[PDB]
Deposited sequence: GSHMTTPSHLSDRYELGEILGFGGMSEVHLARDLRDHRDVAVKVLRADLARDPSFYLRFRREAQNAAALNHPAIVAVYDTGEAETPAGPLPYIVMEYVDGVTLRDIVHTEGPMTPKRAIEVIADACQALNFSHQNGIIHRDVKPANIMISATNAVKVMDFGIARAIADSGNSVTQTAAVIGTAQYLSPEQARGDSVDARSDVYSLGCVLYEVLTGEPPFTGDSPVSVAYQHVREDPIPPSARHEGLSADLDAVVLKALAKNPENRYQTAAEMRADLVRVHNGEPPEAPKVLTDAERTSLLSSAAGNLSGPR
């Protein structure tokens, strides 16, 4: 079962780049604009499943389109008619790079300074989104890439539908910029320690832990991590949104302090 060689007459597919729970991403040439793009398409094997067809249209295809250097731009969406059936797709900015999920998997924890740099840049992407009224809602290692020229790129903003969810998302409360802060804190935790804050035999077990259980401070999970870093990470991961960083920009400012070896403003954490 293949994905067609073309999507409309416009997009000529090249190499496969990646795949996920519901889609496959291909490098493509836009023949109209002479541009290499990434085309995300419903996976060829799941393509006959109505439940996935629906998810793809309602979720993947609804990624918000934002113009920022740290955000993967969304160019186009559509549906190709395939001998098998209608095949939905979304066209976006091509990133020659690797997701943070892959980096952690293949290389282990990032050095602390590199981790701070990467997450500080993610904060800029989130600030821009928030300033433009969009909550990301699904910040996770899989939604952040680093390019071959070391630029951070954040993707797949503003979609509806456990390792990275905020307590409020677990509870069905209001989700806001502070929920994105929390979830980015989880990512930061994971790139520093090599492990996410909470692991469980199920998503309900992980959700429970987000609501109810204190994360182990990063310096307890892994060597070379300071108490200043514990302080920043543990603030982003506060259960009560009022005790977290209130904005992505407030979080970034403490990251930049720690990068420059200045004390963060986050409450001290002792171990």
item	value
Deposited-sequence ranges lacking C-alpha coordinates, in sequence order	1-3, 165-182, 293-311
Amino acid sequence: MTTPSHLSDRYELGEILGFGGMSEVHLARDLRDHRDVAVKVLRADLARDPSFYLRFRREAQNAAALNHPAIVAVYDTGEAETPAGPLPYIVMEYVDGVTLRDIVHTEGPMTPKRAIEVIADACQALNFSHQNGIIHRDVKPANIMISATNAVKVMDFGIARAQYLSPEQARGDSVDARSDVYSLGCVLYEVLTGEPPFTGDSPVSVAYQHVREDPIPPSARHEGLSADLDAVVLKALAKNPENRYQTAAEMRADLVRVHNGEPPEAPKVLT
From here on, numbers count along this sequence of modelled residues.
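We call the rigid core whatever largest set of C-alpha positions still superposes within 1.5 Å between the two forms.
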{"property": "Outlying stretch relative to shown form, 72-80 versus 90-98 in 5 other deposited structures of this protein, C-alpha RMS (core)", "result": "72-80"}
{"property": "Core-fitted comparison in 5 other deposited structures of this protein, 178-186 vs 151-159, farther C-alphas", "result": "151-159"}
{"property": "Entry-level comparison of average CA B-factors, 251-259 and 12-20, reporting the higher stretch", "result": "12-20"}
{"property": "Of 109-117 and 79-87, the one with larger mean CA B-factor", "result": "79-87"}
{"property": "Residue, from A44, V232, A238, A38, that the PDB entry assigns the highest Cα B-factor", "result": "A44"}
{"property": "Identity of residue with top Cα B-factor, from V152, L126, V175, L100", "result": "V175"}
{"property": "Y245, C-alpha B-factor rank within chain (lowest, middle or highest third)", "result": "lowest"}
{"property": "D201 - which third its CA temperature factor falls in, relative to the rest of the chain", "result": "highest"}
{"property": "Third of the chain, ranked by Cα B-factor, where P218 sits", "result": "lowest"}
{"property": "Third of the chain, ranked by Cα B-factor, where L66 sits", "result": "middle"}
{"property": "Position of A148 among the chain's modelled residues by C-alpha B-factor, lowest, middle or highest third", "result": "highest"}
